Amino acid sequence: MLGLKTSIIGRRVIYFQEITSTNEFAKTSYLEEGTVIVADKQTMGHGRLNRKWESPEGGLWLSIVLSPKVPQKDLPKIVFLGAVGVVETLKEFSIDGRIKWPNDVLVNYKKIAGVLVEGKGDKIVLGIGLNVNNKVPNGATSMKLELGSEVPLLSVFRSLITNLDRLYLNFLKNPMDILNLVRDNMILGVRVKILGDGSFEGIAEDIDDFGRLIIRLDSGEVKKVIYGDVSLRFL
């Protein structure tokens, strides 16, 4: 009854009034590629760092089952598809979402959405949490808070699914195209701190042909940050 017109993402949609985690359900269940898992609220959702993620009613909490048949070298770019998809949807609603490498979207440096990719073998789950009309923790923001008014959750869902489906299909054909889109919507040219095994600071210059974040340390040294267990902090 939704009348979705997408090619792969959204061929099927499983909606829950409530769920522990859409990502966990997507990973565990036998589901066909393109299947979207969405819930009014998650009781046990986590972030990329495996930290607690608030998923109250009013927000958009979903996961997409994907099985891309692309080189293993491009696989780390799936997170970007999610982030760019959100940015585009936000632009449609006249909200200036900007990407914080590698998985966050911020509005005025306030977190409005987070993306989490998980995948054992051939099955890849693209998780997305977007604050729409829900209350948010300090520092974060939402579409409602930004526009000063409620936003039809379903409209945001329809918009996002449409963008993700387009970005995904093109990605299967042109895996590099996403990098340009990320580049144009990513927070760059400012100082950041990299928190991994220890830490270092520098200018976030750009992302390379592998999606790695390029940081220029004050000594002139250039480091390439591969996304995994690493945290980025703006100074």
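Residues carry their position along the shown sequence, with the first being 1.
Two stretches are in play, 7-15 and 223-231, and the higher mean C-alpha B-factor belongs to 223-231. In this crystal structure, the stretch out of 110-118 and 71-79 whose C-alpha atoms carry the higher mean B factor is 71-79. Highest C-alpha temperature factor among 162, 149, 155, 131 per the entry: 149. Each of 138, 89, 142, 103 has a CA temperature factor in the record; the biggest one is found at 138. In this PDB entry, residue 44 carries a Cα temperature factor that places it within the highest third of its chain's modelled residues. For residue 53, the recorded CA B-factor ranks within the highest third of the chain. Only modelled residues enter the ranking. The entry lists a Cα temperature factor for residue 29 that places it in the middle third of the chain's modelled residues.
Per the PDB record, residue ranking by Cα B-factor puts residue 35 in the lowest third of the chain.
Per the PDB record, residue ranking by Cα B-factor puts residue 167 in the lowest third of the chain.
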